[PDB]
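Participant: here are the coordinates; sequence isn't available:
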């Protein structure tokens, strides 16, 4: 930028006389060295390490941009379990200030049951839970909230049974067109926490598979602090 | 006088017993100047001959 | 005893003056300020602490 | 390429900022092909350079 | 320590121990820097003031 | 708008979290030379994908200010146009000089993005949430929309600055350094009794 003018190559410099060799490094950098490692070889090696890693960055960006995420929404389990761990984390924080926070369910775990026959997936958590008013406000009107709502990408209808410390257990059900909240017939079966029964779509039958759900848990939720149980 | 600089002139040195230190404070450390090393008056002759 | 010189006089200026061939005389005392010690340092004569 | 890069070696210089105690820049060509430096003289005050 | 022939003078500072008895030691190998490794006869003086 | 489109707003913002997370990741890299190389791949891959996405929407003939893109073929194109353009705004703001060199030169790229920007501005996607300003900011940055008096790209700094002709702070650095050098010299002389000139 500072100046312009790029030199050309002197295709026939060699003939010049009484001039010093301006290529010692290049030639010597490839001479076979018995009982020693050739200079050029070591250079190539590190180059492979650094250069290869750099290519990986392109790989990552390529996927993110060139993908369709929601079309290939296998992450929906990540979103669902991630919320379950988050809710267990939230209730754990509340428990320290208030003993009653964990009264409904002291144990913090996630239980997963797969019902292929009924096209239903049941995810049960013992997290903070949700009140009837919160079910209408938070869930009845959406909004990130993607963690719970990713389920609809593979599910036509979502059924949520939520019990919070401040309120009795209530069930919020929506098909994405309308939502209804009613008092839970079973009562405080959870004590506290949320169990989501997912009405999966026809395309989501593979997710119902016991192996598939376990693979998704390893793929995305392996690092969850709380133990994860899969029905077997 | 700095030993490294040749041009320094030791015009008048102190006595063999003389030294430079804080009178009130005891001499725990080695004196800055001791014996004849101490200089009372010194001169410099620059390369350009400035004095 | 003067800590600082008035106007444009500075240790650099005095050093330039000596390089020009001017003759300088310096008289010190127990109240020596920093500039006099610095000037000696440039000339290779090390004054003691105040 | 970032500043201070050397085009012919295709590498960036490790040491970018330094000063010449005993040499001074006399003339440099427009494209920097030839650089001339002048030898500094001894110290007037005799200080070690 | 005053070198008789050269006239050089070397001054050392003596310090008391816990018992208030002053102790001084001369080690030639270590003290080479102080004397510049200049061998010879030195008159020894005690200065108290 | 359409209820599913409202769901898309959550979907788009969700992608933004990954896009910003990567955007920080790219910042972690130090070498500019690598940085331009990947960034150029960002533009060529994104814009070429955008060109197909606009063609997909053009065949669909679905109004931007309209019902949620439903058919998967157009709907993914809608995800690409809005999501990629939003990331394009982040890339432009974070890296103004790099994009302008590799983007302004090509008329096709500017026209294609311009169709996308209006296409987003009619959908209303950049009207709510914390990413709504992004549409306004990017248009101003690219000159598609008038720049606000207070609109300044934080990243668009002149790293070249100006030759540090004024270096009194560095002059003080020189003094202190040489002063420490001078202090050691005196300390050396101390030691014990030396010889006498």
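Facilitator: It's in. Numbers count the residues shown, from 1 in each chain, chains lettered A, B, ... in the order given.
Participant: how many residues are close by the closest residue to residue A:120 other than its chain neighbours?
Facilitator: Nearest residue to residue A:120, sequence neighbours excluded (C-beta to C-beta, 6 or more residues apart in numbering or on different chains): residue A:197, at 5.5 Å. For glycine as for every other residue, the C-beta is placed from the backbone atoms N, C-alpha and C. Residue A:197: 20 surrounding residues under other C-beta atoms under 10 Å in any protein chain shown.
Participant: check residue A:95 too.
Facilitator: Count around residue A:95 with other C-beta under 10 Å applied: 17.
Participant: same thing with residue A:215?
Facilitator: For residue A:215, the count of nearby residues is 13 (other C-beta under 10 Å).
Participant: wait, a strand at it?
Facilitator: No: using DSSP: H, G, I helix; E, B strand; the rest coil, the secondary structure at residue A:215 is helix, not a strand.
Participant: strands of chain A, start to end?
Facilitator: A:110-115, A:120-125, A:155-163, A:170-174, A:179-183, A:193-200, A:228-230 (DSSP state E).
Participant: quick one: contacts of the fifth one?
Facilitator: Residues from elsewhere that reach strand A:179-183, judged by C-beta atoms under 8 Å, 6 or more residues apart in numbering or on different chains: A:132, A:135, A:136, A:139, A:140, A:168, A:169, A:170, A:171, A:172, A:173, A:174.
Participant: just the buried members of those residues?
Facilitator: Listed as buried from the contacts of strand A:179-183 are A:132, A:135, A:136, A:139, A:169, A:170, A:171, A:172, A:173, A:174; burial here means 16 or more other C-beta atoms under 10 Å in any protein chain shown.
Participant: okay if I get those residues as JSON lines plus distance to chain C?
Facilitator: What follows is the buried ones among the contacts of strand A:179-183, written out as JSON lines (distance: C-beta to the nearest C-beta, whole Å):
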{"residue": "A:132", "distance to chain C": "80"}
{"residue": "A:135", "distance to chain C": "77"}
{"residue": "A:136", "distance to chain C": "78"}
{"residue": "A:139", "distance to chain C": "76"}
{"residue": "A:169", "distance to chain C": "81"}
{"residue": "A:170", "distance to chain C": "81"}
{"residue": "A:171", "distance to chain C": "84"}
{"residue": "A:172", "distance to chain C": "80"}
{"residue": "A:173", "distance to chain C": "85"}
{"residue": "A:174", "distance to chain C": "81"}
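Participant: just those residues now: which is nearest chain D?
Facilitator: Nearest to chain D, judged by C-beta to the nearest C-beta, of the buried ones among the contacts of strand A:179-183 is residue A:139 at 52.2 Å.
Participant: which residue packs closest to the closest one, ignoring adjacent ones?
Facilitator: According to C-beta to C-beta, 6+ apart, the nearest residue to residue A:139 is residue A:172 (4.9 Å).
Participant: wait, doesn't that neighbour sit right on residue A:140?
Facilitator: Yes: assessed by C-beta atoms under 8 Å, residue A:172 is found in contact with residue A:140 at 6.8 Å.
Participant: phi, psi for residue D:36 please.
Facilitator: The phi and psi values for residue D:36, taken as degrees, to the nearest 10, are phi -120, psi 130.
Participant: how much space between it and chain F?
Facilitator: To chain F, residue D:36 is 22 Å away according to C-beta to the nearest C-beta, to the nearest Å.
Participant: list the contacts for the closest residue in space to residue A:116 that isn't next to it in sequence?
Facilitator: The shortest distance from residue A:116 to any non-neighbouring residue, by C-beta to C-beta, 6+ apart, is to residue A:208 (4.0 Å). By C-beta under 8 Å, 6+ apart, residue A:208 lies in contact with A:114, A:115, A:116, A:119, A:121, A:200.
Participant: so who does whatever residue of chain C ends up closest to chain E touch?
Facilitator: Per C-beta to the nearest C-beta, residue C:48 is where chain C lies closest to chain E, at 16.3 Å. By C-beta under 8 Å, 6+ apart, the contact set of residue C:48 is B:20, B:32, B:33.
Participant: what's the last one in contact with, if anything?
Facilitator: Think residue B:33. Residue B:33 is in contact with B:14, B:19, B:20, B:39, C:48, counting by C-beta under 8 Å, 6+ apart.
Participant: so the third one touches residue B:29, yeah?
Facilitator: By that I understand residue B:20. No: applying C-beta under 8 Å as the test, residue B:20 and residue B:29 come out as separate, 11.8 Å apart.
Participant: these two: which has the busier surroundings?
Facilitator: A side-by-side neighbour count of residue B:20 and residue B:29, using other C-beta under 10 Å, places residue B:20 first with 15 against 10.
Participant: for the spatially closest residue to that one that is not a sequence neighbour, what are phi and psi?
Facilitator: Excluding its sequence neighbours, the residue lying closest to residue B:20 (C-beta to C-beta, 6+ apart) is residue B:33, at 4.1 Å. Main-chain torsions, residue B:33, degrees, to the nearest 10: phi -130, psi 130.
Participant: what residues does chain F put near chain E?
Facilitator: Applying C-beta under 8 Å from any C-beta of the partner chain, one finds that chain F approaches chain E through F:191, F:192, F:193, F:194, F:195, F:196.
Participant: tally of neighbours for residue 36?
Facilitator: The chain I'm using is chain A. Residue A:36: 8 surrounding residues under other C-beta under 10 Å.
Participant: actually, chain F is the one I wanted.
Facilitator: Neighbours of residue F:36 (other C-beta under 10 Å): 16.
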